[PDB]
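Comments concern the structure below.
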Amino acid sequence: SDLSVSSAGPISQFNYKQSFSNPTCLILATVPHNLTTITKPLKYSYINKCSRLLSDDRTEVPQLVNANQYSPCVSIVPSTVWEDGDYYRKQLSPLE
Amino acid sequence: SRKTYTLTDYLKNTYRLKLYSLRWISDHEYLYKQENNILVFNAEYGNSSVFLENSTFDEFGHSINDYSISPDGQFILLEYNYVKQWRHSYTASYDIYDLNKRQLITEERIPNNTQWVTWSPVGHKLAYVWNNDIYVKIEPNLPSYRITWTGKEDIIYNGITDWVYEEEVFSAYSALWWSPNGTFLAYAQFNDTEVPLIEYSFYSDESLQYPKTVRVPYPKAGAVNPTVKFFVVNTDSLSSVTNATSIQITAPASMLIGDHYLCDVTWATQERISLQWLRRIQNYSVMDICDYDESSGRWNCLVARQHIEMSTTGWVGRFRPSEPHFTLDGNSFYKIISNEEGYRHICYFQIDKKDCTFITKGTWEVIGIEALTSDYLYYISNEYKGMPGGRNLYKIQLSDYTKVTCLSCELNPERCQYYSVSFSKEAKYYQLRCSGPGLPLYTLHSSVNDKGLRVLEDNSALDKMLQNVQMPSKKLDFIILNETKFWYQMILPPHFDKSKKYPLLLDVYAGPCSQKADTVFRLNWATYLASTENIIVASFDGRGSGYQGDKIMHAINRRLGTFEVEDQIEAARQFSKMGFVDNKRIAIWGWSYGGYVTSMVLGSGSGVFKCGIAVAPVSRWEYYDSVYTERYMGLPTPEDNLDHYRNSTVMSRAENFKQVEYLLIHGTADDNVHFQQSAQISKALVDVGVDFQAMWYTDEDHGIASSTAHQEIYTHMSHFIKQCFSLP
């Protein structure tokens with residue numbers, strides 16, 4: 001349900017957004033025992049919140065991923081998330 | 001000229017207060033336990049008809065610790081084999097009895113050693129916690145669905161609380177929250193992985209050869225805290241084909257940047273939830289409002305539905321931030337908030353508007369929001385006669401905030417000044433509980449026209465008994481320091497001759513937002529001391545006390561063991577000035593924070609007090625827990641408030657004790673205020689050559705509440721008092 005052009009959950013919000021200006025496809029498949037050369041990771045991960053807190057220490061501003069790009073939070077989210085609710089923080093320099 | 005209220009009277013419970021506890025099960029029906037049968041009463045008229053005969057479980061073959069009937073009256077849950085854990089918590093065995101089938105359910109039972117069980121709020125669904133994992137039963141007699149696989153003793157807690165959340169945040173063992181119709185089950189997960197263990201001995205029965213070392217994750221001020229994560233599971237789409245999916249709802253960004261807590265969980269509608277989070281520096285909290293998303297299956301929490309709450313002069317809320325009561329559509333909500341004058345009043349919020357509008361004002365405070373209909377909000381406050389120590393039920397018209405009417409002040413003015421209320425399912429009827437100054441009175445009312453259909457219980461039998469004993473009187477009044485009123489109460493012996501000079505015993509607690517001066521009627525050992533030993537027993541609410549606004553309450557911010565100690569001394573002086581107090585005979589005593597204040601007073605050098613008893617005292621704030629302590633003190637690092645931490649300890653006053661008689665009492669198994677604190681007190685006292693009395697209680701907790709231990713501690717304290725006052 002969460003991987004669709006019409007979807008508006010954390011996947012298109014913070015993970016992977018494809019072009020709306022080109023013809024587009026989305027295939028879900030399973031690797032059956034036949035081929036053996038692809039290997040499983042520990043668990044499926046995805047980002048469920050990616051936000052900025054501005055310097056006023058009050059305002060939260062979600063960071064949406066753009067088509068054909070990576071979430072700005074890639075810099076701080078591990079390749080595989082350790083446990084189901086983990087959270088990450090990186091303080092920003094005044095320029096940043 | 002009758003007999004007095006004696007210590008034996010107090011301990012053996014010879015004069016007992018009757019209660020009347022009911023349980024509403026609908027808009028006009030409640031359950032009572034008359035003569036050990038459960039009956040259902042119909043408020044609309046008068047009738048009453050047996051719901052469950054006492055004989056039903058003559059055949060159980062188990063001592064039955066507790067029961068709970070499901071919302072639809074179809075099933076009853078039977079709790080036996082209760083084995084205690086902390087305070088609010090335990091382990092037990094459970095059996096479910098089908099009321100239709102009149103049979104015990106024997107297939108697929110709830111496992112032994114279960115930590116907690118709740119019915120859903122409307123069906124007969126079951127959520128229980130066992131080995132720290134959540135399990136849901138939809139139909140009571142089919143396999144439970146396991147919700148979490150992650151629970152682990154003393155490390156991961158799913159759906160139940162760890163020590164500190166239990167004691168200082170939720171005041172419960174449960175950390176489950178059903179949605180109104182039981183569709184969703186929201187739960188918390190606590191992680192104590194990096195939280196330090198407190199360890200202590202448990203000696204148990206005389207036959208246990210090697211004592212048991214009890215280990216509890218417990219964060220002390222500044223130490224590493226537990227972490228929290230929040231989940232919601234849809235219980236209607238559970239299945240045995242598939243592990244349940246718990247959607248995690250993540251805390252706001254302003255919380256994620258540092259240590260935080262989850263401090264409130266309130267459902268708004270069948271599909272709207274509100275979460276309140278609090279920063280570890282309890283200056284700052286945020287409410288998040290999350291809607292369920294029928295398509296994606298997740299939970300959407302729009303920013304700008306968030307609501308920030310800050311305190312510029314202390315902490316948020318009285319103890320935690322206050323909970324919201326939503327309207328029926330869940331687009332607006334009412335919430336107790338402290339206003340510009342620093343008095344706590346009801347605020348009316350829109351879920352998408354930052355600003356809120358106050359619906360009550362005044363130099364008095366709203367105690368709690370009790371019920372909310374479309375037309376009226378029912379709330380309890382201490383407005384009447386400007387007494388912070390009284391309580392009454394008010395209702396305010398939602399279309400005209402000027403139309404506020406008082407449902408209890410005129411009911412019985414000289415007898416009833418302390419009310420609490422229990423409302424029927426749609427605020428159709430309500431029961432009023434009166435706690436003092438006269439004997440407790442329990443009545444029933446309909447809220448349609450506020451008519452008082454019935455007197456549930458009046459304590460006539462008790463009144464009868466008390467006629468034939470010399471009871472003490474109670475005075476409740478105030479004094480004026482720096483153009484401000486500070487209330488006190490006194491328990492005065494029978495035949496109180498204003499001319500003679502009585503010994504005085506200060507009863508102290510004095511902790512932040514406390515209140516020992518109230519209108520409640522009590523039968524306790526202060527009654528014994530007054531009735532039998534002709535000794536005046538007094539309490540006083542000085543700086544940093546409750547229900548009088550933040551000018552008084554926040555007065556002790558960042559600086560415990562200062563103003564409230566000073567003020568308890570000042571009150572003994574002020575009591576002297578009244579001229580019926582023999583100032584060569586003032587004791588002071590207190591348990592917990594009151595033990596801390598007692599100790600601090602005895603070590604003050606004031607020379608006002610002859611002796612004191614300190615039961616389970618805090619001695620040094622770096623010993624107590626993080627949540628409570630840091631609320632009032634911040635961190636004990638030197639970047640923060642370390643100076644006030646170290647300046648404020650009992651042990652550093654050891655020398656001064658040479659001027660006073662001191663009795664120090666502590667249970668060996670107190671998981672709350674550790675024996676450690678007193679061990680440190682007695683150590684400092686030994687180290688400066690001060691003599692004192694002491695008493696340990698083997699295996700008792702913070703309550704010293706077990707029968708034998710309780711009569712023992714009061715007997716011992718009685719002897720110490722009678723001796724210190726050189727009375728027969």
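Start at 1 and count along the chain as shown; that gives each residue its number.
Determination method: electron microscopy, 3.9 Å.
Including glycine, each Cβ sits where the backbone N, Cα and C put it.
Per Swiss-Prot, B:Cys416 makes its disulfide bond with B:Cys434 among B:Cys347, B:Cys356, B:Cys434. According to Swiss-Prot, the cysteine that forms a disulfide bond with B:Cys347, out of B:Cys301, B:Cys356, is B:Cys356.
In the disulfide annotation of Swiss-Prot, B:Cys290 is paired with B:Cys301 out of the candidates B:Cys263, B:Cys301. In the three-state DSSP scheme, B:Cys724 (disulfide bond) is classed as helix. Considering only the active-site residues B:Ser592, B:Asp670, B:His702, the residue whose Cα is spatially closest to the Cα of B:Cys724 (disulfide bond) is B:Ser592. B:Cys356 (disulfide bond) sits 43 Å from B:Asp670 (active site, charge relay system), taking the C-alpha atoms as the reference points. Note: the CA-CA distance between B:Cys301 (disulfide bond) and B:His702 (active site, charge relay system) rounds to 41 Å. Neighbour count (other Cβ atoms within 10 Å of the Cβ, all protein chains): 11 for B:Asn112 (N-linked glycosylation site).
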